[PDB]
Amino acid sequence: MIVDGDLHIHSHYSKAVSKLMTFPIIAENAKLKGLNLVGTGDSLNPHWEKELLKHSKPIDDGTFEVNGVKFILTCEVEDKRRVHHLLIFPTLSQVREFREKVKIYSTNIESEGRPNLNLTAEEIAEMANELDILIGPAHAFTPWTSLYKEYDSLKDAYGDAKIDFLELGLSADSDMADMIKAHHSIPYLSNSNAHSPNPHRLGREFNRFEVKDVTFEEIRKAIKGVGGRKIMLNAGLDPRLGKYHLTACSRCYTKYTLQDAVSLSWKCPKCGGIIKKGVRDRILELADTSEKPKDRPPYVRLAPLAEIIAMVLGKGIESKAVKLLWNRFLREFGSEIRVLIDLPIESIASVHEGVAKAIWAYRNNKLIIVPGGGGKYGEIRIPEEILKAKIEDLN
């Protein structure tokens, strides 16, 4: 069976999130969006575990289900060097053991969903491999809290320890990450690290796996690529639409080149801020080889359908008209990815014509894109001739 999954969210116990990020709301949004599996997130917080046990019924000992949506134990933790790390747990006993093992190295583990662990990346990876916990550098290209912002390679970060995956993130895709030779030996993950159950947030990126049943062991075998199970697709947001794609400032959000950044010593002239290095320039810095493996699954660049509808209707992202159109589209069809890539444009025209034309322009890459960086999302704009034309003469 083929299943879509996003394995990186945060509960309402974390910071800078929404109070609507609870199990029922997340399950409803995932079921209405077209998502089969969802990572629990913040599994080290005991209150979140209590809410999971209350608002759900278990499948086995490491996979749960609520409102027809499966859930596996995941969590993001912070490093002593301030490096985000994503962890996947086999069962709940592993969660309890890992929690009780790091209480002496933390102070907010029992309070916040995203705990601060006073441990080294090598130490965290070793403790994870000790309990068969899957570990990866989550959004490892962010110039704020990532792996490549502090360390220069995976070996320098983990040392003798090993990992199991590597989250690409918003501003990255499979190819630019595969521009590193060592990355050829590690599977990729395209998650969201989303904080809101909004359509353009929850499940903006996901991974499509081929499995037999829906449990932790099947996901583990699909990640390791054994027993017929495998990760067959990585649906991700276009790298240009990320928050930190290009090297830009953190205050006025002005894009600068790497050469000008080094010349100005990372000091914004007409703003007085600290310009942060984008993921593209960081990857070009750590460029290793121009080759990439064949077994690498494809990465279909998709844009959030909510933002497409918002830019077509000429209204905001959280307005009522765009919500109505998005809900009618999800009712008439399947999921977001279906309308974004798979569904033909003549079928999309049955619900709305302008949205169909915009999706055609996105598939044909004629959609104008201005990249983002420093904390500002990338922006999309459709030309006027694509709007004032029909569908027949379009192609």
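Just count from 1 along the sequence shown to find any residue number.
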key: Average Cα temperature factor in the PDB entry - higher stretch of 383 to 391, 367 to 375   = 383 to 391
request  = Quick one: say whether 270 to 278 or 107 to 115 has the higher mean Cα B-factor in the deposited entry.
outcome  = 270 to 278
ask   = Of the options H183, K320, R82, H85, which has the highest CA B factor as deposited?
value = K320
message = Take the CA temperature factors straight from the PDB entry and tell me which of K149, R99, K224, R251 peaks.
response = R251
note = Of the three thirds of the chain ranked by Cα temperature factor, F333 occupies the middle
inquiry  = Lowest, middle or highest third: which one holds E49 when the chain's residues are ordered by CA B-factor from the entry?
reply    = lowest
query = Mind checking which third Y256 falls in for C-alpha B-factor across the chain?
reply = highest
inquiry  = Where does the C-alpha B-factor of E65 rank in its chain, lowest, middle or highest third?
reply    = middle
key: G39 - Cα temperature factor, lowest/middle/highest third of chain   = lowest
